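Undergrad: What follows is a single structure, and I will ask about it in a moment.
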Amino acid sequence: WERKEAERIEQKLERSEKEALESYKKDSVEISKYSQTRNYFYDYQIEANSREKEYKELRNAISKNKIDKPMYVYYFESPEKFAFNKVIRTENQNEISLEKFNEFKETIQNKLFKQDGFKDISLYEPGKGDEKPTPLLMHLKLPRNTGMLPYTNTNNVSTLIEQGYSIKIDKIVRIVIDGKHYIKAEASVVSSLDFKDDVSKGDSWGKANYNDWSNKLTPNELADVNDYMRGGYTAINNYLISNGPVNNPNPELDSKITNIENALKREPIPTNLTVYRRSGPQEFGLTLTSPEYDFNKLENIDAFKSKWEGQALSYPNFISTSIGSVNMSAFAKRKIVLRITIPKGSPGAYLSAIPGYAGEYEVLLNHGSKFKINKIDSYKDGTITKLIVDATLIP
Amino acid sequence: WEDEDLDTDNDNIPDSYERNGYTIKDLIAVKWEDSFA
Amino acid sequence: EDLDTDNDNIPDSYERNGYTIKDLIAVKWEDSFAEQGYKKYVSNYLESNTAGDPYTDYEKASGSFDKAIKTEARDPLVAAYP
Amino acid sequence: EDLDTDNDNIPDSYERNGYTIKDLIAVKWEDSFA
Amino acid sequence: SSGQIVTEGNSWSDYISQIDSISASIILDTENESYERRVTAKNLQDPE
Amino acid sequence: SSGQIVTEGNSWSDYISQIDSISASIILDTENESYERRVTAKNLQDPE
Amino acid sequence: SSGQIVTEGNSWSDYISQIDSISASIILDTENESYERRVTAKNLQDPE
Ligand SMILES: [Ca+2]
Ligand SMILES: [Ca+2]
Ligand SMILES: [Ca+2]
Ligand SMILES: [Ca+2]
């Protein structure tokens with residue numbers, strides 16, 4: 001019956017997705033890698049990539065079919081995807097010690113990890129005749145109305161999905177499969193709003209959510225915020241970095257800070273949202289001339305992840321970020337991109353709501369905001385390897 | 001090892017729970033207590 | 001060591017020298033195990049099915065097959081055969 | 001709240017206390033709906 | 001996977017021998033209805 | 001959408017009861033020709 | 001895909017003609033048992 005359902009669902013596909021699926025059956029790894037890191041380029045390459053049409057039609061085919069109930073999936077995942085740089089056990093070893101289990105449990109206590117690519121999954125437990133490439137097994141509960149495309153292989157049937165969410169691990173236990181120890185993790189999907197390339201859709205959402213926000217502001221504070229974001233945001237942030245109220249207190253800027261904070265506090269974000277901000281080395285306590293800014297050698301990336309991944313963050317100033325993820329000529333030289341998930345109910349406002357050029361879809365957050373970094377990944381950008389940071393805003 | 005997070009046979013019940021005693025409530029195995037009877 | 005040429009989840013030296021199964025994991029044989037009722041097994045480290053029957057060496061030694069099969073067919077050198 | 005133990009698109013408290021369907025979404029029961 | 005009940009391909013003969021090999025049989029007769037059961041029994045010659 | 005038509009396994013019997021349950025039947029009987037139709041009708045007892 | 005032996009669908013007739021086309025046949029008669037073999041022979045008209 002599963003084969004018949006797969007045949008039925010694949011019959012109604014049109015041709016373009018037909019050769020897309022056929023090409024996926026032989027070049028899975030490269031297509032998956034491209035789909036993982038595709039939205040961090042300029043507007044030119046994304047339209048100019050040789051695989052953009054492939055990805056578009058594959059995504060459409062996947063999104064054609066959706067499930068009406070939550071259901072479970074099973075797949076093997078590398079522990080490196082969950083910010084674990086060590087090895088649980090070798091591929092020839094049979095057992096995992098208590099120390100490695102404890103370390104892996106400690107690494108994933110309270111964190112959320114984002115998955116952003118294609119993946120082959122199974123609707124049944126991995127019994128005999130399957131492959132066990134990693135010592136980590138995932139029991140993932142997919143939410144309602146998510147894409148799921150069953151396609152018949154040469155002999156068996158396999159299913160492909162598109163990851164667009166962030167998952168958290170509840171419990172991990174050690175199990176035995178055919179005389180080898182594995183780690184089984186029960187994970188749940190946490191929903192969030194992400195506009196990877198639909199910058200138009202994100203802008204429309206910002207309009208629909210914050211166009212009337214300005215009408216809720218008292219005119220004096222409204223004009224205050226407008227003029228400040230227009231001209232003096234640089235000065236305010238520069239004053240805030242130096243801990244101005246601590247060193248040289250002055251009310252001419254404390255009033256500005258309070259007004260901006262109250263304006264942001266007036267209307268909070270209603271739904272979980274992801275924002276992309278191109279950060280600089282000066283933010284991370286580095287300089288452009290610093291040797292660690294060269295992310296081409298593996299040693300620099302490894303040291304940066306060792307000393308920064310999994311730690312916290314704190315910005316005394318305000319944070320300006322864009323809903324879209326595509327690179328711009330304004331921040332072309334910045335090698336670090338900050339990926340931030342905004343929990344529902346947190347303070348923040350859409351600056352671009354007001355008419356005119358209010359910014360690059362800018363979003364403001366309250367001062368003294370703190371973040372937790374979960375994982376760090378690197379993607380190629382022309383002739384240099386740039387770096388991506390996943391962070392979660394915390395109250 | 002020394003924790004109740006072992007599922008050797010992979011059947012959603014911890015090893016020590018099967019060894020000593022358990023019951024099901026809210027579709028989750030819990031440790032047996034005499035007051036449950 | 002930890003080499004597994006035939007991918008039956010039993011190390012080559014274990015198959016060559018002797019082993020037994022406890023907690024569904026193969027371990028090195030020790031003479032004190034016989035007093036507790038354990039059996040010592042040896043098998044072909046280059047072949048996954050030493051006896052040529054449909055069950056691998058690990059499945060036979062661990063008793064991870066049909067429970068209705070006789071207990072003597074649990075060692076890799078005796079075929080499970082009707 | 002938002003717990004769904006049996007994964008049938010209806011929250012636990014809704015099933016316990018009473019619900020109805022409008023626009024294909026389960027909502028809390030109110031006496032005026034009758 | 002969809003949550004429907006299926007009976008095709010599920011055969012009791014695949015489990016009859018295995019159940020009989022590791023169990024004891026107990027029968028209660030009463031006067032109007034008979035009950036037959038199998039209860040798992042431990043093999044003391046196997047340490048595992 | 002590629003112009004391919006399949007009729008195997010597409011049974012009309014799966015829809016006859018459903019169509020007859022929610023429709024009204026209208027027949028037009030002209031000279032040497034007849035027409036039978038089913039038109040969907042609203043249920044006023046169902047607010048949804 | 002597992003270690004199981006499968007025989008269904010593996011027909012010798014798919015290979016009989018190909019084996020006969022590229023081989024020489026040798027028979028040893030002996031006394032109480034006969035042996036027939038096929039040995040691959042090189043074609044000297046084909047440089048490849
Ligand atoms: Ca268990
Ligand atoms: Ca071996
Ligand atoms: Ca072997
Ligand atoms: Ca429910």
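In the structure tokens, each chain is lettered A, B, ... as it comes, each chain's residues begin at 1, and ligands are numbered from 1 in order of appearance.
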If the cut-off is 10 Å, can you tell me the residues of chain A near chain E, counting only C-alpha atoms? I'd like them as a PyMOL selection string.

TA: chain A and resi 2+67+69+71-73+123-124

Undergrad: Using only C-alpha atoms and all ligand atoms, which protein or nucleic acid residues are at most 6 Å from ligand 4, as a PDB file with N, CA, C and O atoms, in the first residue's frame?

TA:
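Now in part_18.pdb:
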ATOM      1  N   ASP D   4      -1.083  18.310  23.446  1.00  0.00           N
ATOM      2  CA  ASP D   4      -1.861  17.367  22.639  1.00  0.00           C
ATOM      3  C   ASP D   4      -1.195  16.004  22.806  1.00  0.00           C
ATOM      4  O   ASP D   4      -0.295  15.644  22.043  1.00  0.00           O
ATOM      5  N   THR D   5      -1.644  15.249  23.810  1.00  0.00           N
ATOM      6  CA  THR D   5      -0.962  14.009  24.164  1.00  0.00           C
ATOM      7  C   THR D   5      -1.149  12.936  23.097  1.00  0.00           C
ATOM      8  O   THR D   5      -0.217  12.183  22.801  1.00  0.00           O
ATOM      9  N   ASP D   6      -2.339  12.846  22.513  1.00  0.00           N
ATOM     10  CA  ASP D   6      -2.638  11.803  21.542  1.00  0.00           C
ATOM     11  C   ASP D   6      -2.456  12.253  20.099  1.00  0.00           C
ATOM     12  O   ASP D   6      -2.703  11.458  19.188  1.00  0.00           O
ATOM     13  N   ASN D   7      -2.037  13.499  19.873  1.00  0.00           N
ATOM     14  CA  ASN D   7      -1.715  14.005  18.537  1.00  0.00           C
ATOM     15  C   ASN D   7      -2.912  13.915  17.591  1.00  0.00           C
ATOM     16  O   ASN D   7      -2.811  13.412  16.471  1.00  0.00           O
ATOM     17  N   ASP D   8      -4.060  14.415  18.048  1.00  0.00           N
ATOM     18  CA  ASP D   8      -5.267  14.432  17.231  1.00  0.00           C
ATOM     19  C   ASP D   8      -5.772  15.847  16.977  1.00  0.00           C
ATOM     20  O   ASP D   8      -6.954  16.034  16.679  1.00  0.00           O
ATOM     21  N   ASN D   9      -4.900  16.847  17.104  1.00  0.00           N
ATOM     22  CA  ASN D   9      -5.160  18.250  16.790  1.00  0.00           C
ATOM     23  C   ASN D   9      -6.140  18.919  17.744  1.00  0.00           C
ATOM     24  O   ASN D   9      -6.596  20.030  17.461  1.00  0.00           O
ATOM     25  N   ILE D  10      -6.477  18.288  18.864  1.00  0.00           N
ATOM     26  CA  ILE D  10      -7.349  18.873  19.874  1.00  0.00           C
ATOM     27  C   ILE D  10      -6.595  18.880  21.196  1.00  0.00           C
ATOM     28  O   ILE D  10      -6.106  17.833  21.622  1.00  0.00           O
ATOM     29  N   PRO D  11      -6.476  20.020  21.870  1.00  0.00           N
ATOM     30  CA  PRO D  11      -5.754  20.058  23.145  1.00  0.00           C
ATOM     31  C   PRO D  11      -6.450  19.242  24.224  1.00  0.00           C
ATOM     32  O   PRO D  11      -7.655  18.985  24.178  1.00  0.00           O
ATOM     33  N   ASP D  12      -5.651  18.829  25.211  1.00  0.00           N
ATOM     34  CA  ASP D  12      -6.149  17.952  26.267  1.00  0.00           C
ATOM     35  C   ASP D  12      -7.267  18.613  27.063  1.00  0.00           C
ATOM     36  O   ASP D  12      -8.313  18.001  27.312  1.00  0.00           O
TER      37      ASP D  12
END

Undergrad: What lies within 12 Å of residue 24 of chain D using only C-alpha atoms, ignoring chain neighbours under 2 positions off, as a ChimeraX atom specification?

TA: /A:68 /D:9-10,20-22,26-27 /F:48

Undergrad: Show me which residues are within 8 Å of ligand 1 counting only C-alpha atoms and all ligand atoms, and format the list as a PyMOL selection string.

TA: chain B and resi 6-15+17-18

Undergrad: Those residues with N, CA, C and O atoms, as a PDB file, in the first residue's frame please?

TA:
ATOM      1  N   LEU B   6      18.787   4.108  30.928  1.00  0.00           N
ATOM      2  CA  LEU B   6      19.211   3.001  30.085  1.00  0.00           C
ATOM      3  C   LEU B   6      17.984   2.281  29.552  1.00  0.00           C
ATOM      4  O   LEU B   6      17.107   1.887  30.327  1.00  0.00           O
ATOM      5  N   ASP B   7      17.923   2.114  28.234  1.00  0.00           N
ATOM      6  CA  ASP B   7      16.887   1.316  27.579  1.00  0.00           C
ATOM      7  C   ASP B   7      17.614   0.352  26.650  1.00  0.00           C
ATOM      8  O   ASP B   7      17.770   0.618  25.459  1.00  0.00           O
ATOM      9  N   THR B   8      18.051  -0.779  27.204  1.00  0.00           N
ATOM     10  CA  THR B   8      18.893  -1.697  26.444  1.00  0.00           C
ATOM     11  C   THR B   8      18.130  -2.332  25.288  1.00  0.00           C
ATOM     12  O   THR B   8      18.667  -2.460  24.183  1.00  0.00           O
ATOM     13  N   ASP B   9      16.885  -2.733  25.516  1.00  0.00           N
ATOM     14  CA  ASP B   9      16.093  -3.377  24.480  1.00  0.00           C
ATOM     15  C   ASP B   9      15.303  -2.391  23.634  1.00  0.00           C
ATOM     16  O   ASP B   9      14.663  -2.809  22.664  1.00  0.00           O
ATOM     17  N   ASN B  10      15.333  -1.103  23.975  1.00  0.00           N
ATOM     18  CA  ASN B  10      14.681  -0.050  23.198  1.00  0.00           C
ATOM     19  C   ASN B  10      13.176  -0.301  23.082  1.00  0.00           C
ATOM     20  O   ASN B  10      12.623  -0.465  21.994  1.00  0.00           O
ATOM     21  N   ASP B  11      12.514  -0.332  24.240  1.00  0.00           N
ATOM     22  CA  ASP B  11      11.071  -0.529  24.296  1.00  0.00           C
ATOM     23  C   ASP B  11      10.385   0.516  25.170  1.00  0.00           C
ATOM     24  O   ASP B  11       9.289   0.264  25.677  1.00  0.00           O
ATOM     25  N   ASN B  12      11.019   1.673  25.367  1.00  0.00           N
ATOM     26  CA  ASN B  12      10.484   2.834  26.074  1.00  0.00           C
ATOM     27  C   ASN B  12      10.333   2.622  27.574  1.00  0.00           C
ATOM     28  O   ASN B  12       9.679   3.434  28.236  1.00  0.00           O
ATOM     29  N   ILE B  13      10.911   1.567  28.134  1.00  0.00           N
ATOM     30  CA  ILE B  13      10.888   1.370  29.581  1.00  0.00           C
ATOM     31  C   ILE B  13      12.322   1.246  30.081  1.00  0.00           C
ATOM     32  O   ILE B  13      13.097   0.447  29.539  1.00  0.00           O
ATOM     33  N   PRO B  14      12.720   2.015  31.092  1.00  0.00           N
ATOM     34  CA  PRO B  14      14.088   1.906  31.609  1.00  0.00           C
ATOM     35  C   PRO B  14      14.362   0.529  32.192  1.00  0.00           C
ATOM     36  O   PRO B  14      13.453  -0.179  32.632  1.00  0.00           O
ATOM     37  N   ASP B  15      15.642   0.149  32.179  1.00  0.00           N
ATOM     38  CA  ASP B  15      16.036  -1.185  32.624  1.00  0.00           C
ATOM     39  C   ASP B  15      15.680  -1.412  34.088  1.00  0.00           C
ATOM     40  O   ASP B  15      15.116  -2.452  34.448  1.00  0.00           O
ATOM     41  N   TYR B  17      13.429   0.064  35.831  1.00  0.00           N
ATOM     42  CA  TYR B  17      11.981   0.020  35.999  1.00  0.00           C
ATOM     43  C   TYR B  17      11.443  -1.376  35.721  1.00  0.00           C
ATOM     44  O   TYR B  17      10.607  -1.888  36.473  1.00  0.00           O
ATOM     45  N   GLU B  18      11.913  -2.010  34.644  1.00  0.00           N
ATOM     46  CA  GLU B  18      11.509  -3.383  34.364  1.00  0.00           C
ATOM     47  C   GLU B  18      12.042  -4.345  35.414  1.00  0.00           C
ATOM     48  O   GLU B  18      11.409  -5.368  35.694  1.00  0.00           O
TER      49      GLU B  18
END

Undergrad: Let's have chain E fitted on chain F; use all the C-alpha atoms paired in order for the least-squares step and return it as a CSV table (one decimal) with N, CA and C atoms, in the first residue's frame.

TA:
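Resulting contents of out.csv:
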chain,number,residue,atom,x,y,z
E,1,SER,N,1.7,13.5,-13.2
E,1,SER,CA,2.8,14.5,-13.1
E,1,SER,C,3.3,14.8,-14.5
E,2,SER,N,3.3,13.8,-15.4
E,2,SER,CA,3.8,14.1,-16.8
E,2,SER,C,2.8,14.8,-17.7
E,3,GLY,N,1.6,14.9,-17.2
E,3,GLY,CA,0.5,15.5,-18.1
E,3,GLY,C,-0.3,14.5,-18.9
E,4,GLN,N,-0.1,13.2,-18.8
E,4,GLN,CA,-0.9,12.2,-19.5
E,4,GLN,C,-2.2,12.0,-18.7
E,5,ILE,N,-3.1,11.5,-19.5
E,5,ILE,CA,-4.4,11.1,-18.9
E,5,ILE,C,-4.4,9.7,-18.5
E,6,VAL,N,-4.8,9.4,-17.2
E,6,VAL,CA,-4.9,8.1,-16.7
E,6,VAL,C,-6.3,7.8,-16.1
E,7,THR,N,-6.8,6.6,-16.4
E,7,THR,CA,-8.1,6.2,-15.9
E,7,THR,C,-8.0,5.0,-15.0
E,8,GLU,N,-6.9,4.3,-14.9
E,8,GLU,CA,-6.8,3.2,-14.0
E,8,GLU,C,-6.7,3.6,-12.6
E,9,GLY,N,-7.5,3.0,-11.7
E,9,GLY,CA,-7.5,3.3,-10.3
E,9,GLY,C,-8.5,4.5,-9.9
E,10,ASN,N,-9.1,5.1,-10.9
E,10,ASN,CA,-10.1,6.2,-10.7
E,10,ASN,C,-11.5,5.6,-10.8
E,11,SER,N,-12.2,5.5,-9.7
E,11,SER,CA,-13.5,4.8,-9.7
E,11,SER,C,-14.6,5.7,-9.3
E,12,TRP,N,-15.7,5.7,-10.1
E,12,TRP,CA,-16.9,6.5,-9.8
E,12,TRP,C,-17.6,6.0,-8.6
E,13,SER,N,-17.5,4.8,-8.2
E,13,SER,CA,-18.2,4.2,-7.0
E,13,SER,C,-17.7,4.9,-5.8
E,14,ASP,N,-16.5,5.4,-5.8
E,14,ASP,CA,-15.9,6.1,-4.6
E,14,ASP,C,-16.6,7.4,-4.4
E,15,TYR,N,-17.3,8.0,-5.4
E,15,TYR,CA,-18.0,9.3,-5.3
E,15,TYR,C,-19.5,9.2,-5.4
E,16,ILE,N,-20.0,8.1,-5.8
E,16,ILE,CA,-21.5,8.0,-6.0
E,16,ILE,C,-22.2,8.3,-4.7
E,17,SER,N,-21.9,7.7,-3.6
E,17,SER,CA,-22.6,7.9,-2.4
E,17,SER,C,-22.4,9.3,-1.9
E,18,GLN,N,-21.2,9.9,-1.9
E,18,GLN,CA,-21.0,11.2,-1.5
E,18,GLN,C,-21.8,12.2,-2.3
E,19,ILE,N,-21.8,12.1,-3.6
E,19,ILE,CA,-22.6,13.0,-4.5
E,19,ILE,C,-24.1,12.9,-4.2
E,20,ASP,N,-24.6,11.6,-4.0
E,20,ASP,CA,-26.0,11.5,-3.7
E,20,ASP,C,-26.4,12.0,-2.4
E,21,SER,N,-25.5,12.1,-1.4
E,21,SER,CA,-25.8,12.5,-0.1
E,21,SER,C,-26.1,14.0,0.1
E,22,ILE,N,-25.4,14.8,-0.8
E,22,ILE,CA,-25.5,16.2,-0.6
E,22,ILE,C,-26.1,16.9,-1.8
E,23,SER,N,-26.9,16.2,-2.6
E,23,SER,CA,-27.4,16.8,-3.8
E,23,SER,C,-28.9,16.6,-4.0
E,24,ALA,N,-29.5,17.3,-4.8
E,24,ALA,CA,-30.9,17.1,-5.3
E,24,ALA,C,-30.8,16.6,-6.8
E,25,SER,N,-31.7,15.8,-7.1
E,25,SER,CA,-31.8,15.2,-8.4
E,25,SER,C,-32.9,15.8,-9.3
E,26,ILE,N,-32.5,16.3,-10.5
E,26,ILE,CA,-33.4,16.9,-11.4
E,26,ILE,C,-33.3,16.2,-12.7
E,27,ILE,N,-34.5,15.9,-13.3
E,27,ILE,CA,-34.5,15.2,-14.6
E,27,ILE,C,-35.4,16.0,-15.6
E,28,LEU,N,-34.9,16.2,-16.8
E,28,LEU,CA,-35.6,16.8,-17.9
E,28,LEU,C,-35.9,15.8,-18.9
E,29,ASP,N,-37.1,15.6,-19.4
E,29,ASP,CA,-37.5,14.5,-20.2
E,29,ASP,C,-37.6,14.8,-21.7
E,30,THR,N,-38.1,16.0,-22.0
E,30,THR,CA,-38.4,16.4,-23.4
E,30,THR,C,-39.2,15.2,-24.2
E,31,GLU,N,-38.8,15.0,-25.4
E,31,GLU,CA,-39.5,14.0,-26.2
E,31,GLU,C,-38.5,13.0,-26.9
E,32,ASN,N,-37.3,13.4,-27.1
E,32,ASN,CA,-36.3,12.5,-27.8
E,32,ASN,C,-35.1,12.2,-27.0
E,33,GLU,N,-34.8,13.0,-25.9
E,33,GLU,CA,-33.6,12.7,-25.1
E,33,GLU,C,-33.9,13.1,-23.7
E,34,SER,N,-33.4,12.4,-22.7
E,34,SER,CA,-33.6,12.6,-21.3
E,34,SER,C,-32.3,13.0,-20.7
E,35,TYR,N,-32.3,14.0,-19.7
E,35,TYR,CA,-31.2,14.5,-19.0
E,35,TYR,C,-31.4,14.4,-17.5
E,36,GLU,N,-30.4,13.9,-16.9
E,36,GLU,CA,-30.4,13.7,-15.4
E,36,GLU,C,-29.2,14.5,-14.8
E,37,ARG,N,-29.5,15.2,-13.7
E,37,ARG,CA,-28.5,16.1,-13.1
E,37,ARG,C,-28.6,16.0,-11.6
E,38,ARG,N,-27.5,16.3,-10.9
E,38,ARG,CA,-27.4,16.5,-9.5
E,38,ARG,C,-26.8,17.9,-9.2
E,39,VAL,N,-27.5,18.6,-8.4
E,39,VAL,CA,-27.1,20.0,-8.0
E,39,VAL,C,-27.0,20.0,-6.5
E,40,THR,N,-25.9,20.6,-6.0
E,40,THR,CA,-25.6,20.7,-4.6
E,40,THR,C,-26.6,21.5,-3.9
E,41,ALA,N,-27.0,21.1,-2.7
E,41,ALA,CA,-28.0,21.8,-1.9
E,41,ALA,C,-27.4,22.0,-0.5
E,42,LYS,N,-27.8,23.1,0.1
E,42,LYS,CA,-27.3,23.6,1.4
E,42,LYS,C,-28.0,22.9,2.5
E,43,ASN,N,-27.3,22.5,3.5
E,43,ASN,CA,-27.8,22.0,4.8
E,43,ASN,C,-27.9,23.1,5.8
E,44,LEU,N,-29.1,23.5,6.2
E,44,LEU,CA,-29.3,24.6,7.0
E,44,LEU,C,-29.1,24.3,8.5
E,45,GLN,N,-29.0,23.0,8.9
E,45,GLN,CA,-28.8,22.6,10.3
E,45,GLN,C,-27.3,22.6,10.6
E,46,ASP,N,-26.4,22.9,9.7
E,46,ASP,CA,-25.0,23.0,9.9
E,46,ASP,C,-24.5,24.4,9.7
E,47,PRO,N,-24.1,25.1,10.8
E,47,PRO,CA,-23.6,26.5,10.6
E,47,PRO,C,-22.3,26.5,9.8
E,48,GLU,N,-21.6,25.4,9.7
E,48,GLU,CA,-20.3,25.4,9.0
E,48,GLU,C,-20.4,25.0,7.6

Undergrad: For ligand 3, return the neighbouring residues as a PyMOL selection string (distance at most 12 Å; only C-alpha atoms and all ligand atoms).

TA: chain C and resi 3-16+18-19+41-52+55-61+75-77

Undergrad: Pull N, CA and C atoms from the residues just selected and write them as a tab-separated table (two decimals), in the first residue's frame.

TA:
chain	number	residue	atom	x	y	z
C	3	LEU	N	39.12	-4.59	15.37
C	3	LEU	CA	38.85	-4.86	13.97
C	3	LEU	C	37.63	-5.76	13.82
C	4	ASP	N	36.81	-5.47	12.82
C	4	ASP	CA	35.62	-6.27	12.51
C	4	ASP	C	35.58	-6.43	10.99
C	5	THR	N	36.20	-7.49	10.48
C	5	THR	CA	36.33	-7.65	9.04
C	5	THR	C	35.00	-8.01	8.39
C	6	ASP	N	34.23	-8.90	9.00
C	6	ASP	CA	32.99	-9.37	8.41
C	6	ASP	C	31.76	-8.59	8.84
C	7	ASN	N	31.94	-7.56	9.68
C	7	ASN	CA	30.85	-6.68	10.11
C	7	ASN	C	29.71	-7.45	10.77
C	8	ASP	N	30.06	-8.40	11.64
C	8	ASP	CA	29.07	-9.09	12.45
C	8	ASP	C	29.07	-8.61	13.90
C	9	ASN	N	29.72	-7.47	14.17
C	9	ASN	CA	29.75	-6.85	15.49
C	9	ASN	C	30.43	-7.74	16.53
C	10	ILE	N	31.35	-8.59	16.09
C	10	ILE	CA	32.23	-9.31	17.00
C	10	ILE	C	33.66	-9.07	16.54
C	11	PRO	N	34.54	-8.57	17.40
C	11	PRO	CA	35.92	-8.29	16.97
C	11	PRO	C	36.63	-9.55	16.52
C	12	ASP	N	37.60	-9.37	15.61
C	12	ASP	CA	38.30	-10.50	15.02
C	12	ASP	C	39.04	-11.32	16.08
C	13	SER	N	39.73	-10.65	17.00
C	13	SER	CA	40.45	-11.36	18.04
C	13	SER	C	39.50	-12.09	18.98
C	14	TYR	N	38.31	-11.54	19.21
C	14	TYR	CA	37.32	-12.22	20.04
C	14	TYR	C	36.89	-13.53	19.39
C	15	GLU	N	36.59	-13.49	18.08
C	15	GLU	CA	36.22	-14.70	17.37
C	15	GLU	C	37.36	-15.70	17.32
C	16	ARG	N	38.60	-15.21	17.24
C	16	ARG	CA	39.74	-16.11	17.12
C	16	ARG	C	40.06	-16.78	18.44
C	18	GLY	N	38.05	-16.50	21.67
C	18	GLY	CA	36.91	-16.93	22.48
C	18	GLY	C	36.18	-15.73	23.04
C	19	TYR	N	34.86	-15.87	23.16
C	19	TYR	CA	34.03	-14.76	23.61
C	19	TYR	C	32.71	-15.31	24.14
C	41	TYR	N	32.49	-19.33	22.98
C	41	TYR	CA	32.22	-19.45	21.55
C	41	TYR	C	33.44	-19.01	20.75
C	42	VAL	N	33.69	-19.72	19.65
C	42	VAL	CA	34.65	-19.31	18.64
C	42	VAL	C	33.97	-19.42	17.28
C	43	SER	N	34.46	-18.66	16.31
C	43	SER	CA	33.81	-18.61	15.01
C	43	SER	C	34.78	-18.06	13.97
C	44	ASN	N	34.32	-18.03	12.73
C	44	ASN	CA	35.12	-17.55	11.61
C	44	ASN	C	35.08	-16.02	11.58
C	45	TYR	N	36.24	-15.39	11.69
C	45	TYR	CA	36.28	-13.93	11.71
C	45	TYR	C	36.25	-13.32	10.31
C	46	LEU	N	36.35	-14.13	9.26
C	46	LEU	CA	36.23	-13.64	7.89
C	46	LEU	C	34.86	-13.91	7.29
C	47	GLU	N	33.96	-14.54	8.03
C	47	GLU	CA	32.65	-14.91	7.52
C	47	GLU	C	31.59	-14.52	8.54
C	48	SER	N	30.53	-13.87	8.07
C	48	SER	CA	29.48	-13.42	8.97
C	48	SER	C	28.60	-14.57	9.44
C	49	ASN	N	28.40	-15.58	8.59
C	49	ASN	CA	27.58	-16.75	8.90
C	49	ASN	C	28.50	-17.96	8.87
C	50	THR	N	29.09	-18.29	10.02
C	50	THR	CA	30.10	-19.34	10.07
C	50	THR	C	29.51	-20.70	9.67
C	51	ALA	N	28.32	-21.02	10.17
C	51	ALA	CA	27.71	-22.31	9.88
C	51	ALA	C	26.98	-22.34	8.54
C	52	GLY	N	26.84	-21.20	7.87
C	52	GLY	CA	26.14	-21.16	6.61
C	52	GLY	C	24.64	-21.14	6.70
C	55	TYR	N	21.25	-17.29	9.96
C	55	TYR	CA	21.49	-16.45	11.13
C	55	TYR	C	22.98	-16.19	11.30
C	56	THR	N	23.33	-14.94	11.57
C	56	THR	CA	24.73	-14.56	11.72
C	56	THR	C	25.28	-15.07	13.05
C	57	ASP	N	26.60	-14.91	13.21
C	57	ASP	CA	27.26	-15.38	14.42
C	57	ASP	C	26.75	-14.67	15.66
C	58	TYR	N	26.57	-13.34	15.57
C	58	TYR	CA	26.07	-12.60	16.72
C	58	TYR	C	24.65	-13.02	17.08
C	59	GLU	N	23.79	-13.19	16.08
C	59	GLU	CA	22.41	-13.56	16.36
C	59	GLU	C	22.34	-14.93	17.03
C	60	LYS	N	23.15	-15.88	16.56
C	60	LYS	CA	23.17	-17.20	17.18
C	60	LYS	C	23.70	-17.14	18.60
C	61	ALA	N	24.84	-16.47	18.80
C	61	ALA	CA	25.45	-16.45	20.13
C	61	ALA	C	24.58	-15.71	21.13
C	75	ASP	N	25.40	-21.95	19.35
C	75	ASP	CA	26.78	-21.57	19.10
C	75	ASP	C	27.07	-21.57	17.60
C	76	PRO	N	28.00	-20.72	17.15
C	76	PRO	CA	28.16	-20.50	15.71
C	76	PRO	C	28.56	-21.74	14.92
C	77	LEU	N	29.09	-22.77	15.56
C	77	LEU	CA	29.57	-23.94	14.83
C	77	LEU	C	28.51	-25.01	14.61

Undergrad: Could you please tell me, as an NGL selection string, which residues of chain C have an atom within 12 Å of chain B when using only C-alpha atoms?

TA: :C and (22-25 or 64)

Undergrad: Could you write out the selected residues, including N, CA and C atoms, as a PDB file, in the first residue's frame?

TA:
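Generated file (again_15.pdb):
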ATOM      1  N   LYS C  22      27.033 -10.962  27.016  1.00  0.00           N
ATOM      2  CA  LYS C  22      26.305 -10.525  28.196  1.00  0.00           C
ATOM      3  C   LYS C  22      25.840  -9.094  27.989  1.00  0.00           C
ATOM      4  N   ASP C  23      24.582  -8.835  28.346  1.00  0.00           N
ATOM      5  CA  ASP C  23      23.912  -7.564  28.069  1.00  0.00           C
ATOM      6  C   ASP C  23      23.901  -7.253  26.577  1.00  0.00           C
ATOM      7  N   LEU C  24      23.803  -8.299  25.755  1.00  0.00           N
ATOM      8  CA  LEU C  24      23.717  -8.184  24.297  1.00  0.00           C
ATOM      9  C   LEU C  24      24.974  -7.567  23.692  1.00  0.00           C
ATOM     10  N   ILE C  25      26.105  -7.692  24.381  1.00  0.00           N
ATOM     11  CA  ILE C  25      27.387  -7.186  23.906  1.00  0.00           C
ATOM     12  C   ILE C  25      28.425  -8.285  24.080  1.00  0.00           C
ATOM     13  N   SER C  64      19.410 -14.068  19.693  1.00  0.00           N
ATOM     14  CA  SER C  64      18.523 -13.013  19.136  1.00  0.00           C
ATOM     15  C   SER C  64      17.746 -13.543  17.925  1.00  0.00           C
TER      16      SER C  64
END

Undergrad: Among segment 16-47 of chain G, which ones does DSSP place in helix (DSSP H, G or I), written as a PyMOL selection string?

TA: chain G and resi 16-21

Undergrad: What are the closest atom pairs, with distances in Å to one decimal, for all residues of chain A lying within 12 Å of ligand 2? Consider only C-alpha atoms and all ligand atoms, order rows by chain and residue number, and present the result as JSON lines.

TA:
{"residue": "A:92", "atom": "CA", "partner": "ligand 2", "partner_atom_place_in_ligand_line": "1 (Ca)", "distance": 10.2}
{"residue": "A:93", "atom": "CA", "partner": "ligand 2", "partner_atom_place_in_ligand_line": "1 (Ca)", "distance": 11.7}
{"residue": "A:94", "atom": "CA", "partner": "ligand 2", "partner_atom_place_in_ligand_line": "1 (Ca)", "distance": 11.5}
{"residue": "A:179", "atom": "CA", "partner": "ligand 2", "partner_atom_place_in_ligand_line": "1 (Ca)", "distance": 11.4}
